[PDB]
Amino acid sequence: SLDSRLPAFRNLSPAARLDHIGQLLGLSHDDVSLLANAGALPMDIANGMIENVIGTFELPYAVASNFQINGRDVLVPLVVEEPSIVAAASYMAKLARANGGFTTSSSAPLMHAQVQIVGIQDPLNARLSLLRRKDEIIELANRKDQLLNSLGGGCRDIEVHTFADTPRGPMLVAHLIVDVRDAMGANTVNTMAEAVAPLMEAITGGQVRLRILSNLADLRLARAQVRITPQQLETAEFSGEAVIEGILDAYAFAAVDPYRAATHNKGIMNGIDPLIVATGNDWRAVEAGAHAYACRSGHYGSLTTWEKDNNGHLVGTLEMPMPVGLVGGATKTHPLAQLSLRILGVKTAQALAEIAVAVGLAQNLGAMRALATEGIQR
């Protein structure tokens, strides 16, 4: 029943904003006081989180309004230093509301862990010997996380890739494919990969080197859609139809020119990374998966798509890797990460991922709209 529209929110005091947020969600007094006074992350907690700590560092904590995800209103916390991001997110979310809001979907929460093996005289043969015994390897990985498996996750499969031409000789690389449920999953699959490497070595006869997740998490994709009508985009100087054509022009620019794509995709992360930070997740992992995926073709291109549908409406998509957690890393440890998660209402990590790509799509739309409607000076 949540209403995320938040009229005049942009003009209230932070206290009145905090007040209003707590009314809508039924936030407890303990929850509200986490943001009412500075220092919600005690030094006892901060000193255990990273090394050589001498203090804490604040960034603003904001809430984007209007977002609606498969028909459900959602409030979006965001932590960033740069102006205009929150406004643009909120305004595009407001336009998206009229045409159904954002529509999202996602894959299962699957992470790859790589096991690199050098020194094999017959790596292509060894690959088949490895695959043939994958159940044994899968069983071995799952012994190290009885908890994960009890919750419906765990190692599901193995794939093997080979690299014949390398300055350091031929390389075999096994991928454990692991359902990590509500975790982002890095430590989980790293333990699994370290655990299975000796059996793998025994089968293939090489020497194991790296045992490590891949951040190109292309089995953990999240998807968002948005639709905008010409009427919604009409400005003083341009018809709504001309604005749509200009947005498509800017999109094709990003699609052919990496100099533009880098900036175009930067605007997307302007919307995603602040949500990642606000929920205590690793934003370097999200950035690396985002940009590596944008050039999987060998050409660094745009993560979003923008089209005109058969009705003349502007339709955008965002599909990308989105590894995030509700548990693990620092997401349980930072009190405000827990509060961010309560504000969002998410019950699985994949639901958080779908919100992330919705916000990234909205940020890109706001960026391109502003750039396309800016008249030429004279």
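Think of the rigid core as the biggest set of C-alphas that the two forms share within 1.5 Å after superposition. Note that residue numbering begins at 1 and tracks the sequence as displayed.
Asks: Taking the root mean square of C-alpha distances over all structures and residues in 9 other deposited structures of this protein, with a rigid core superposition, name the larger of 337-345 and 324-332.
Replies: Looking at 324-332 and 337-345 in 9 other deposited structures of this protein, the bigger mover is 324-332.
Asks: Out of 136-144 and 172-180, which one drifts farther from the shown form in 9 other deposited structures of this protein in terms of CA positions, with the fit done on the rigid core?
Replies: Larger mean C-alpha displacement, comparing 136-144 and 172-180 in 9 other deposited structures of this protein, is found in 136-144.
Asks: Mean Cα B factor from the PDB record: higher for 190-198, or higher for 230-238?
Replies: Looking at the recorded C-alpha B-factors, 230-238 comes out higher on average.
Asks: So 154-162 or 283-291, which one's hotter by mean CA B-factor in the entry?
Replies: Taking the mean B-factor of the alpha carbons in each, 154-162 is higher.
Asks: Among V178, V74, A108, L78, where is the Cα B factor highest in this entry?
Replies: In the PDB entry, the greatest C-alpha B-factor among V178, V74, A108, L78 is found at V74.
Asks: Among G267, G298, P258, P123, where is the Cα temperature factor highest, going by the PDB entry?
Replies: Top of the list by C-alpha B-factor: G298.
Asks: Report the third (lowest, middle or highest) to which the CA temperature factor of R168 belongs, ranking only the modelled residues of the same chain.
Replies: Its C-alpha B-factor, which the entry lists for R168, ranks in the highest third among residues of this chain.
Asks: Comparing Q207 with the other modelled residues of its chain, is its CA B-factor in the lowest, middle or highest third?
Replies: Its C-alpha B-factor belongs to the highest third of this chain's values.
Asks: Grab the CA temperature factor for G39 from the record and place it in the lowest, middle or highest third of its chain.
Replies: Highest third, going by the recorded CA B-factors of the chain.
Asks: Using the temperature factors of the C-alpha atoms in this entry, rank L25 within its chain: lowest, middle or highest third.
Replies: For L25, the deposited C-alpha B-factor lands in the highest third.
Asks: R220: which third of its chain by C-alpha temperature factor?
Replies: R220: CA B-factor falls in the lowest third of its chain.
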